[PDB]
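Encoded as C-alpha cells, the structure appears first; notes follow it.
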Amino acid sequence: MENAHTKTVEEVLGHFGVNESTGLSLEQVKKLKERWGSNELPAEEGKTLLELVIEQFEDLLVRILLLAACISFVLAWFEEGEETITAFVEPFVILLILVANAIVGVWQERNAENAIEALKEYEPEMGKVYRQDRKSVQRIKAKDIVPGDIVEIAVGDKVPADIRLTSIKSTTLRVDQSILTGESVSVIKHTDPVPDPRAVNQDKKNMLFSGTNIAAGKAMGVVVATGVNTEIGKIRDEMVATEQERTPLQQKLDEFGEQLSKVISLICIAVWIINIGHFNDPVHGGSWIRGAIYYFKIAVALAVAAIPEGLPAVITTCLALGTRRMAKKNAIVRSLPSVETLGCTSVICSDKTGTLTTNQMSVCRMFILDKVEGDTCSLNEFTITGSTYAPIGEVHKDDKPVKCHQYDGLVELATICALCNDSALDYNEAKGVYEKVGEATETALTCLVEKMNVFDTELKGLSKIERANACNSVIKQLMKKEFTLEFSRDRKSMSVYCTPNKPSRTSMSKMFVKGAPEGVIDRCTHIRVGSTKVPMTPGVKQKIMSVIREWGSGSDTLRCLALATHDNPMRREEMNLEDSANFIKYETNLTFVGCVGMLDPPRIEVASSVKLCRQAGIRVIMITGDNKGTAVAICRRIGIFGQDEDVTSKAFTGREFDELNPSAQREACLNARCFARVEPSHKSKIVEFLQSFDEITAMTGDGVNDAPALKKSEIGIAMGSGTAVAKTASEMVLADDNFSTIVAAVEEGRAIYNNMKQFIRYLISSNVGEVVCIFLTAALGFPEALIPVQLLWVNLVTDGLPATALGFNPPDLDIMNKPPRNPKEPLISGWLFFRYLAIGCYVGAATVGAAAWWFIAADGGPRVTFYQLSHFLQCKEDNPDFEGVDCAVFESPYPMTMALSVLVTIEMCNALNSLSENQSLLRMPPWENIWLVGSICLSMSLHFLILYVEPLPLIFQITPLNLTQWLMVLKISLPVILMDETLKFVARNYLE
Ligand SMILES: CC(=O)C1=C(O)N2[C@H](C1=O)[C@H]1c3c[nH]c4cccc(c34)C[C@H]1C2(C)C
Ligand SMILES: [K+]
Ligand SMILES: [Mg+2]
Ligand SMILES: [Mg+2]
C-alpha cells in the first residue's frame, strides 16, 4: 500500500483487515509473505575479473591486432628451423602487448567497492512486531516483516520498514531522517493524515521510513511497504542503474578506434590491388600457398604501423601520476580516468549540509536586556565565533572582545542552556574531533556554555574529554534538576525544575524555560534586566520581537530560542505530570532572560572556492534537503546569490519542481542555482537534465541521499566525514574536507587534458608516418624498410619515453581563467590534420629514401640499380641485369638500420616540436621541460643499446651505422623541425 499518508489510521488498518491491538495472525502473514516476499534490499553483484578482461578484447581495433598476432604466429610457423628463435619474437611481443594492455584497462576502470553493501547496513537485523500468536510484543528478523504487520518502535532502534504511524506512546516522537533528508535535526511526528499526495518525504509527518533511527520516544504503526517498495528501496533502484559512462577522452578514443579500423582494412585492399598477380604470371616465383604470404606480411605490418601500441601505457601512466599529485592535496581518486574529467566540468552540484556547511550547529548570536526607559528597552547584542562543536571561541560585543563573567544577564542565560538540556558533548578519541550526543540543537547550547565560561573555571591542565563538559559540570554542581517538563507540540517549549544546592537556606527553587520565541515570551510577564526584574511592556515586547524577527527572517536567517525563567514556580505536589497539556499552564508569568540564535555555519574555504569557479566559467548549484529559506540564506553567504539579488525564479523546492511541466523543468535546471526540500530521487533527476544539455556535472555530497546524484554524475565527489554510502558511490573523496581541493583539482585536471591530447597527437602522428613508409615500399616494390618487430620497439620503448614526458609539460599561467572546453570537440583540427599528414608524409619518404640511399649511394653497398631494386624479388644468380651485384644484399641489415635510425631520430624531433602547439621552439626553449630532454637522451641511447648488446640486433635485424651513415640520417631527419616550424609560423602569425 502506497500514499497511505493521506488516509486516517483507521482506513489503513481496514485495508489489511488487521486489529492494531493483536496485529496480524500467522495465517495472514503466510498469505502476505508470498505476494510481498521477504523484506530486504537485494544485492547487486559486480562483474568478475574474467568478464572485465573479455570486454577489453571485444573492441574492434583490439581484434585487428589480435588477428595480426595469429597471422604472425602462422608466419613464424612457416619460417626455417634455423631462424626459429628470432621468428617467434614477433607474435609473442604482439601477444605481450595485447595481454598487457588488457589487464591495464581493467585495473584502470575497476571499482572495488559496492554501494549496495553500504546501503544494506541501514537495514536492521531485528524488529519488534505485535502478532496474534503472542499476547505481548515479539522480536523477529526484519526479513519476516510483511506489509500489514503492527510494529512497535522505541528509542535507539532502526526503522525496519516504511510504516504508517498509529499511536504515539510518548509525549513527542523524534526521528533522524538524514538518510533521506540529509539533515541531522530531529523531526516531530504525529498520527494525523497528511493531504497533498504530491508532498515530498520531508512533508509527511505520519510516516516512518526504513533505515532511519528514532532519536526519542515510543510509538506503534502498520507497515505500508517492504523490500524494494520502500524509500530506501527507491535509492538502490537508482544504484543498480549503470550506463557505463566514459570520460570524453575515452569516448573520442573509442570512436577514433572504429575510424582507424576502417582505414587499416582499406589500405590492405589498397595494397592488394597494387599487388602483382600471383595467379597469372609471377614467373611462378612460388607455389599457390606462397602467393598469399606477402599479403599476410603486408597486412601485419600495416596493423602494427597504424595501431599505436603502448598508448594505453602512457595514458595510464599519466593518470596514476596525476592521482598521486592529487593525493598530496588530500584528494583520494577512486577512478583513474576521473582525474581528467574534472578539467572540463562546466557545473558543480553540491549538497548544503555536511558539504558546504560543517553539519555541526553553533550559536551565531545572542542578546540580553541592557536598560529600560518607559516603554522602550535597549538590548546588548553579542556574537559567538567558531564553526564546530569544539568548545573553543570568544564572545564579542560591538566588534570588541569581552568576557561574559561580568554580565549577570548572560550568567543566567548560560544557566538555562546548561540546566535545561537533554544533550551532551563528547570527544572521540579515535576521530580526534568533538562529536555530539543527542539533539544537535540542544548540543549547540552545550558548546555555548563552555565557550562562555561564566564562572572563570580554570580550564588549563585539563584533559580534552574533561574539557567537553567542564563548564557544564560546574552548573550541575550548583543547581539540582528535580524533574523535566517534556517538550510538547502545543506550547512549543520545555522547562526544568531546579533547586539550588550550595545556597540551601538562602535561596529557593526556580524554573527555566526554552522554546519558540512566539509561544514563550507571550507567557512572559516580565523582563530580566541584569539581576533585577522589570514588568513586560507592550512596547518592550514589541522591541524584543523586532530583533528576533530580523534574526529569523533577515539575511542571517538563524534558528532562535527564547530563554526565560520562573522565579517563583508552583509547588512540587501541585504539579501532576501525567497530562502533557497542563505543562503550558505550569510555565507562566515567566521573566524573559534572553534569546540565542544558531546556524549551521558554512565552511571557511567554500565562499572563496565559489568565486574561483566563477572565473573559470563553472556554475555552482545547491541541491539540499533543508528548507528553502535556510538554503537561500547560505547561498547569499557563500556567493551563489547576491545579498540584494532576486531569487524568485532562481530557487525552487521539490514539489514546485515536480509541479512544473517538462518544458518549465528544463529552464529551471539552466537558470536555478538553489533546490531545497529535495527528495533523493530528485537529486539524480536534476543532474539527469544537466547531462541532457551536454554539460559535464560534478556532484559533491556527504549523504546517503546524495548517492543517486553521485552515481549518476560523471564525476562524483565525497567528503571524508561523510557516510560510507556516499564514498562508494563517488569517484573522488576529500579526506580533509577541504572544499578548495575542488578548485585545485579542476586546475590539475585541465593541465592533464592539455598534455594528454598533446602526446596523443604525437603518437598518432608517428603511426601515419609508419604507414606511409610501409605503403610506399609496397607500391614501389623495394625490400622491407621496417620490420613490425622494429616498429613495436619504436611504438613502445622509443616513443613511450618522450610521450610520458609530454605529460610533464608546464601548464598555462591563465589556464584557470579559461572556460571549460567543448566535450564534443574533435581531437584534431582541419589545419592540424593537414599538418600531421604533411609531417607523416615526410618521415615516410625519409625512411624509404634511407633504404634507397644505401643502395643507390654505392658507398659500402652496390651501385645504383633502380630496375633491379623494385624487381629485386626477380633476382636469382645466373640471371642477367643482376651481374655485378650480390643477390643477398636485399636481406642485409644496413638498409633497415638506416631507416630505423631515421624513424627514431625524427621521433626525437617531433617530441621536441610537441612542447607547444603554435609556438616556435626559439620562443619556447626545449629546456622548459626537463623530463622531455631526458626522455630523448634515454630513448636515443636505447637506440644504441639495441644495436650493441649482443642478442638484440639478431632479433631486430640491425647493425651499427659507423661514422658516415649517421651523418646522412642526421641531415635528412633534422628538416622535420624546420618543416614543422614553418607550419607553425603561418598558423600563428597568419591563419589565426
Ligand atoms: C586489449 C586492450 O585492452 C587494448 C589494446 O591492446 N589496445 C587498446 C586496448 O584497448 C586499443 C585501443 C582501443 N581504442 C584506441 C584508441 C587509440 C589507441 C588504441 C586504442 C590502442 C589499441 C591497443 C591495440 C594498444
Ligand atoms: K558516478
Ligand atoms: Mg582496452
Ligand atoms: Mg549532507
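In the C-alpha cells, each chain is lettered A, B, ... as it comes, each chain's residues begin at 1, and ligands are numbered from 1 in order of appearance.
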
Please report, as an NGL selection string, each residue of range 664-742 of chain A to which DSSP assigns alpha helix (DSSP H) when run on this structure's backbone. :A and (664-671 or 680-692 or 707-712 or 724-728 or 740-742)

Contacts between ligand 4 and chain A, please, where a residue of chain A counts if it comes within 10 Å (with only C-alpha atoms and all ligand atoms); show its shortest atom pair and distance in Å to one decimal, rows by chain and ascending number, as CSV.
```
residue,atom,partner,partner_atom_place_in_ligand_line,distance
A:178,CA,ligand 4,1 (Mg),7.7
A:179,CA,ligand 4,1 (Mg),9.2
A:180,CA,ligand 4,1 (Mg),9.9
A:181,CA,ligand 4,1 (Mg),8.2
A:182,CA,ligand 4,1 (Mg),4.5
A:183,CA,ligand 4,1 (Mg),6.3
A:184,CA,ligand 4,1 (Mg),8.4
A:350,CA,ligand 4,1 (Mg),9.1
A:351,CA,ligand 4,1 (Mg),5.7
A:352,CA,ligand 4,1 (Mg),6.2
A:353,CA,ligand 4,1 (Mg),3.9
A:354,CA,ligand 4,1 (Mg),4.3
A:355,CA,ligand 4,1 (Mg),6.1
A:356,CA,ligand 4,1 (Mg),8.6
A:357,CA,ligand 4,1 (Mg),8.5
A:358,CA,ligand 4,1 (Mg),9.4
A:359,CA,ligand 4,1 (Mg),7.3
A:623,CA,ligand 4,1 (Mg),9.7
A:624,CA,ligand 4,1 (Mg),7.4
A:625,CA,ligand 4,1 (Mg),8.1
A:626,CA,ligand 4,1 (Mg),9.4
A:700,CA,ligand 4,1 (Mg),9.4
A:701,CA,ligand 4,1 (Mg),6.0
A:702,CA,ligand 4,1 (Mg),4.8
A:703,CA,ligand 4,1 (Mg),4.7
A:704,CA,ligand 4,1 (Mg),8.1
A:705,CA,ligand 4,1 (Mg),7.8
A:706,CA,ligand 4,1 (Mg),7.4
A:719,CA,ligand 4,1 (Mg),9.4
A:722,CA,ligand 4,1 (Mg),7.7
A:723,CA,ligand 4,1 (Mg),9.3
A:726,CA,ligand 4,1 (Mg),9.6
```

Export of prior selection with C-alpha atoms as a PDB file, in the first residue's frame:
```pdb
ATOM      1  CA  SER A 178      19.236  12.227   7.498  1.00  0.00           C
ATOM      2  CA  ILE A 179      19.177   9.054   5.377  1.00  0.00           C
ATOM      3  CA  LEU A 180      16.548  10.504   3.029  1.00  0.00           C
ATOM      4  CA  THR A 181      16.659  14.189   4.013  1.00  0.00           C
ATOM      5  CA  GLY A 182      20.410  14.619   4.565  1.00  0.00           C
ATOM      6  CA  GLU A 183      19.665  16.726   7.667  1.00  0.00           C
ATOM      7  CA  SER A 184      20.661  15.586  11.157  1.00  0.00           C
ATOM      8  CA  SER A 350      26.771  20.459  -4.059  1.00  0.00           C
ATOM      9  CA  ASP A 351      24.778  19.344  -1.042  1.00  0.00           C
ATOM     10  CA  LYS A 352      24.465  22.075   1.580  1.00  0.00           C
ATOM     11  CA  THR A 353      24.536  20.019   4.787  1.00  0.00           C
ATOM     12  CA  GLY A 354      27.836  18.301   5.551  1.00  0.00           C
ATOM     13  CA  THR A 355      29.499  19.669   2.399  1.00  0.00           C
ATOM     14  CA  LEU A 356      29.010  23.441   2.089  1.00  0.00           C
ATOM     15  CA  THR A 357      28.275  23.580   5.840  1.00  0.00           C
ATOM     16  CA  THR A 358      30.035  21.930   8.778  1.00  0.00           C
ATOM     17  CA  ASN A 359      26.900  19.887   9.670  1.00  0.00           C
ATOM     18  CA  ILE A 623      20.771  20.868  -4.009  1.00  0.00           C
ATOM     19  CA  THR A 624      19.823  20.207  -0.389  1.00  0.00           C
ATOM     20  CA  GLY A 625      17.096  18.647   1.719  1.00  0.00           C
ATOM     21  CA  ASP A 626      16.800  21.641   4.029  1.00  0.00           C
ATOM     22  CA  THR A 700      29.694  16.530  -4.088  1.00  0.00           C
ATOM     23  CA  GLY A 701      27.520  15.022  -1.370  1.00  0.00           C
ATOM     24  CA  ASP A 702      28.218  13.656   2.102  1.00  0.00           C
ATOM     25  CA  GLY A 703      24.926  11.784   2.471  1.00  0.00           C
ATOM     26  CA  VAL A 704      23.081   8.585   1.680  1.00  0.00           C
ATOM     27  CA  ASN A 705      20.528  10.758  -0.126  1.00  0.00           C
ATOM     28  CA  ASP A 706      23.387  12.076  -2.287  1.00  0.00           C
ATOM     29  CA  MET A 719      33.538  14.188   1.915  1.00  0.00           C
ATOM     30  CA  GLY A 722      30.503  11.601   5.023  1.00  0.00           C
ATOM     31  CA  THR A 723      28.847   8.215   5.238  1.00  0.00           C
ATOM     32  CA  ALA A 726      28.465   8.443  -0.282  1.00  0.00           C
TER      33      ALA A 726
END
```

Residue list (strand (DSSP E or B), DSSP) for range 686-900 of chain A, as a PyMOL selection string: chain A and resi 697-701+715-719+732-734

For the selection you just gave me, I'd like the residues written to a file as a compact mmCIF listing (two decimals), in the first residue's frame, keeping C-alpha atoms.
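Result written to again.txt:
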```
# COMPACT_ATOMS: atom_id res chain seq x y z
CA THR A 697 28.45 17.71 -13.99
CA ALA A 698 30.27 17.30 -10.68
CA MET A 699 28.23 16.34 -7.60
CA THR A 700 29.69 16.53 -4.09
CA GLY A 701 27.52 15.02 -1.37
CA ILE A 715 32.49 12.53 -11.66
CA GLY A 716 31.20 12.41 -8.09
CA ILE A 717 33.00 13.84 -5.06
CA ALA A 718 32.60 12.72 -1.45
CA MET A 719 33.54 14.19 1.91
CA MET A 732 36.77 11.07 -5.56
CA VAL A 733 36.92 11.60 -1.79
CA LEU A 734 38.10 14.65 0.15
```

Counting only C-alpha atoms and all ligand atoms, which residues of chain A sit at most 9 Å from some atom of ligand 2, and what is each one's closest atom pair with its distance in Å to one decimal, listed by chain and rising residue number, as a tab-separated table?
```
residue	atom	partner	partner_atom_place_in_ligand_line	distance
A:242	CA	ligand 2	1 (K)	8.6
A:245	CA	ligand 2	1 (K)	7.9
A:699	CA	ligand 2	1 (K)	8.9
A:707	CA	ligand 2	1 (K)	8.9
A:708	CA	ligand 2	1 (K)	8.5
A:709	CA	ligand 2	1 (K)	7.9
A:710	CA	ligand 2	1 (K)	5.2
A:711	CA	ligand 2	1 (K)	3.4
A:712	CA	ligand 2	1 (K)	5.0
A:713	CA	ligand 2	1 (K)	4.7
A:714	CA	ligand 2	1 (K)	5.1
A:715	CA	ligand 2	1 (K)	5.5
A:716	CA	ligand 2	1 (K)	5.4
A:717	CA	ligand 2	1 (K)	8.9
A:729	CA	ligand 2	1 (K)	6.4
A:730	CA	ligand 2	1 (K)	5.5
A:731	CA	ligand 2	1 (K)	6.4
```

Pull N, CA, C and O atoms from the residues just selected and write them as an mmCIF file, in the first residue's frame.
```
data_model
loop_
_atom_site.group_PDB
_atom_site.id
_atom_site.type_symbol
_atom_site.label_atom_id
_atom_site.label_comp_id
_atom_site.auth_asym_id
_atom_site.auth_seq_id
_atom_site.Cartn_x
_atom_site.Cartn_y
_atom_site.Cartn_z
ATOM 1 N N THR A 242 23.409 1.492 -14.176
ATOM 2 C CA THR A 242 24.721 1.942 -14.627
ATOM 3 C C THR A 242 24.725 1.943 -16.147
ATOM 4 O O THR A 242 24.456 0.911 -16.769
ATOM 5 N N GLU A 245 29.236 4.887 -18.147
ATOM 6 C CA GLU A 245 29.690 6.206 -18.565
ATOM 7 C C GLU A 245 31.194 6.205 -18.803
ATOM 8 O O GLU A 245 31.957 5.562 -18.076
ATOM 9 N N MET A 699 29.113 16.358 -8.761
ATOM 10 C CA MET A 699 28.229 16.342 -7.602
ATOM 11 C C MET A 699 29.043 15.963 -6.376
ATOM 12 O O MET A 699 29.685 14.909 -6.360
ATOM 13 N N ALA A 707 23.781 9.699 -2.752
ATOM 14 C CA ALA A 707 24.277 8.572 -3.540
ATOM 15 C C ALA A 707 23.722 8.514 -4.959
ATOM 16 O O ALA A 707 24.519 8.342 -5.896
ATOM 17 N N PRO A 708 22.407 8.637 -5.200
ATOM 18 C CA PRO A 708 21.936 8.643 -6.597
ATOM 19 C C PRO A 708 22.543 9.752 -7.439
ATOM 20 O O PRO A 708 22.943 9.503 -8.582
ATOM 21 N N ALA A 709 22.628 10.972 -6.906
ATOM 22 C CA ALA A 709 23.252 12.057 -7.656
ATOM 23 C C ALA A 709 24.735 11.800 -7.892
ATOM 24 O O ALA A 709 25.278 12.217 -8.920
ATOM 25 N N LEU A 710 25.402 11.118 -6.958
ATOM 26 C CA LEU A 710 26.816 10.811 -7.136
ATOM 27 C C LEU A 710 27.019 9.780 -8.239
ATOM 28 O O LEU A 710 27.813 9.991 -9.164
ATOM 29 N N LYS A 711 26.302 8.656 -8.161
ATOM 30 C CA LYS A 711 26.474 7.606 -9.159
ATOM 31 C C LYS A 711 26.046 8.081 -10.542
ATOM 32 O O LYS A 711 26.679 7.743 -11.548
ATOM 33 N N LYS A 712 24.972 8.871 -10.612
ATOM 34 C CA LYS A 712 24.504 9.371 -11.901
ATOM 35 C C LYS A 712 25.475 10.384 -12.495
ATOM 36 O O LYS A 712 25.606 10.467 -13.722
ATOM 37 N N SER A 713 26.164 11.151 -11.654
ATOM 38 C CA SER A 713 27.088 12.159 -12.151
ATOM 39 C C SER A 713 28.290 11.505 -12.820
ATOM 40 O O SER A 713 28.684 10.384 -12.488
ATOM 41 N N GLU A 714 28.875 12.227 -13.777
ATOM 42 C CA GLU A 714 30.046 11.712 -14.478
ATOM 43 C C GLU A 714 31.238 11.582 -13.540
ATOM 44 O O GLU A 714 31.938 10.562 -13.555
ATOM 45 N N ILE A 715 31.487 12.597 -12.716
ATOM 46 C CA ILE A 715 32.487 12.526 -11.656
ATOM 47 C C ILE A 715 31.839 12.987 -10.356
ATOM 48 O O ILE A 715 31.470 14.162 -10.219
ATOM 49 N N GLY A 716 31.693 12.068 -9.406
ATOM 50 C CA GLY A 716 31.202 12.414 -8.091
ATOM 51 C C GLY A 716 32.337 12.692 -7.122
ATOM 52 O O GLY A 716 33.453 12.208 -7.285
ATOM 53 N N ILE A 717 32.036 13.487 -6.098
ATOM 54 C CA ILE A 717 32.998 13.843 -5.063
ATOM 55 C C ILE A 717 32.347 13.603 -3.708
ATOM 56 O O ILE A 717 31.163 13.899 -3.518
ATOM 57 N N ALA A 729 29.923 5.519 -3.760
ATOM 58 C CA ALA A 729 29.193 5.940 -4.946
ATOM 59 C C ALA A 729 29.931 6.982 -5.775
ATOM 60 O O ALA A 729 29.521 7.241 -6.912
ATOM 61 N N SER A 730 30.996 7.581 -5.253
ATOM 62 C CA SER A 730 31.700 8.630 -5.974
ATOM 63 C C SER A 730 33.013 8.113 -6.558
ATOM 64 O O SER A 730 33.455 6.995 -6.285
ATOM 65 N N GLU A 731 33.641 8.964 -7.371
ATOM 66 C CA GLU A 731 34.959 8.694 -7.929
ATOM 67 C C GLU A 731 36.084 9.409 -7.195
ATOM 68 O O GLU A 731 37.256 9.173 -7.509
#
```

So which residues are near ligand 1, meaning at most 9 Å away with only C-alpha atoms and all ligand atoms counted, given back as a PyMOL selection string? chain A and resi 53-66+94-95+97-106+250+252-258+260+304+307-313+760+764

Mind running range 266-379 of chain A against range 392-405 of chain A at 12 Å and telling me each contacting residue's nearest atom pair with the distance in Å (one decimal), counting only C-alpha atoms, chain and number ascending, as JSON lines?
```
{"residue": "A:362", "atom": "CA", "partner": "A:393", "partner_atom": "CA", "distance": 10.7}
{"residue": "A:363", "atom": "CA", "partner": "A:393", "partner_atom": "CA", "distance": 10.8}
{"residue": "A:364", "atom": "CA", "partner": "A:395", "partner_atom": "CA", "distance": 10.1}
{"residue": "A:365", "atom": "CA", "partner": "A:395", "partner_atom": "CA", "distance": 9.3}
{"residue": "A:366", "atom": "CA", "partner": "A:395", "partner_atom": "CA", "distance": 9.8}
{"residue": "A:367", "atom": "CA", "partner": "A:397", "partner_atom": "CA", "distance": 9.8}
{"residue": "A:368", "atom": "CA", "partner": "A:397", "partner_atom": "CA", "distance": 11.5}
{"residue": "A:379", "atom": "CA", "partner": "A:397", "partner_atom": "CA", "distance": 11.3}
```

Could you list, with a cut-off of 12 Å and counting only C-alpha atoms, the residues of range 345-456 of chain A near range 528-534 of chain A, each shown with its nearest atom pair and the distance in Å rounded to one decimal, rows sorted by chain and ascending number, as a tab-separated table?
```
residue	atom	partner	partner_atom	distance
A:367	CA	A:529	CA	11.6
A:368	CA	A:529	CA	7.8
A:369	CA	A:529	CA	5.3
A:370	CA	A:529	CA	6.1
A:371	CA	A:529	CA	6.9
A:372	CA	A:529	CA	7.9
A:373	CA	A:534	CA	10.6
A:374	CA	A:534	CA	10.7
A:375	CA	A:534	CA	10.9
A:376	CA	A:534	CA	11.9
A:377	CA	A:529	CA	9.6
A:378	CA	A:529	CA	10.0
A:379	CA	A:529	CA	9.6
A:380	CA	A:529	CA	10.7
A:406	CA	A:530	CA	10.2
A:407	CA	A:530	CA	7.2
A:408	CA	A:530	CA	5.3
A:409	CA	A:530	CA	4.7
A:410	CA	A:530	CA	8.3
A:411	CA	A:530	CA	9.5
A:412	CA	A:531	CA	8.8
A:413	CA	A:528	CA	10.1
```

Print the selection's residues with C-alpha atoms to a file, as a PDB file, in the first residue's frame.
```pdb
ATOM      1  CA  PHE A 367      21.263  39.121  23.196  1.00  0.00           C
ATOM      2  CA  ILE A 368      20.053  40.208  26.626  1.00  0.00           C
ATOM      3  CA  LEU A 369      18.406  43.302  28.094  1.00  0.00           C
ATOM      4  CA  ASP A 370      20.515  46.350  28.963  1.00  0.00           C
ATOM      5  CA  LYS A 371      18.402  49.327  30.120  1.00  0.00           C
ATOM      6  CA  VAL A 372      14.671  50.037  30.354  1.00  0.00           C
ATOM      7  CA  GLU A 373      13.261  53.556  29.950  1.00  0.00           C
ATOM      8  CA  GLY A 374       9.483  53.877  29.988  1.00  0.00           C
ATOM      9  CA  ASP A 375       8.050  51.520  27.379  1.00  0.00           C
ATOM     10  CA  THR A 376      11.339  51.308  25.437  1.00  0.00           C
ATOM     11  CA  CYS A 377      14.240  48.983  26.238  1.00  0.00           C
ATOM     12  CA  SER A 378      17.785  48.728  24.908  1.00  0.00           C
ATOM     13  CA  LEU A 379      19.457  45.398  24.168  1.00  0.00           C
ATOM     14  CA  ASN A 380      23.055  44.161  24.249  1.00  0.00           C
ATOM     15  CA  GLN A 406      30.704  40.229  34.448  1.00  0.00           C
ATOM     16  CA  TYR A 407      27.275  40.140  32.732  1.00  0.00           C
ATOM     17  CA  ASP A 408      24.692  38.783  35.168  1.00  0.00           C
ATOM     18  CA  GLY A 409      22.094  38.558  32.404  1.00  0.00           C
ATOM     19  CA  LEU A 410      24.459  36.291  30.477  1.00  0.00           C
ATOM     20  CA  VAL A 411      25.287  34.136  33.516  1.00  0.00           C
ATOM     21  CA  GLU A 412      21.610  33.282  33.974  1.00  0.00           C
ATOM     22  CA  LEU A 413      21.377  32.783  30.204  1.00  0.00           C
TER      23      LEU A 413
END
```

Which residues are close to residue 20 in chain A, i.e. within 8 Å by only C-alpha atoms, leaving aside same-chain residues fewer than 4 positions away? Reply as a PDB file with N, CA, C and O atoms, in the first residue's frame.
```pdb
ATOM      1  N   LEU A  13      -5.664   0.620   8.668  1.00  0.00           N
ATOM      2  CA  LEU A  13      -5.884  -0.627   9.395  1.00  0.00           C
ATOM      3  C   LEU A  13      -6.973  -1.464   8.739  1.00  0.00           C
ATOM      4  O   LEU A  13      -6.903  -2.698   8.733  1.00  0.00           O
ATOM      5  N   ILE A 150       1.792  -5.045  12.525  1.00  0.00           N
ATOM      6  CA  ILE A 150       1.748  -3.998  13.537  1.00  0.00           C
ATOM      7  C   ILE A 150       3.062  -4.047  14.303  1.00  0.00           C
ATOM      8  O   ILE A 150       3.358  -5.038  14.980  1.00  0.00           O
ATOM      9  N   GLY A 221       2.781   1.345  14.809  1.00  0.00           N
ATOM     10  CA  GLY A 221       2.307   1.636  13.468  1.00  0.00           C
ATOM     11  C   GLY A 221       2.095   0.372  12.666  1.00  0.00           C
ATOM     12  O   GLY A 221       2.343  -0.743  13.133  1.00  0.00           O
ATOM     13  N   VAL A 222       1.625   0.570  11.434  1.00  0.00           N
ATOM     14  CA  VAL A 222       1.341  -0.510  10.498  1.00  0.00           C
ATOM     15  C   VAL A 222       2.238  -0.337   9.278  1.00  0.00           C
ATOM     16  O   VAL A 222       2.499   0.790   8.843  1.00  0.00           O
TER      17      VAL A 222
END
```
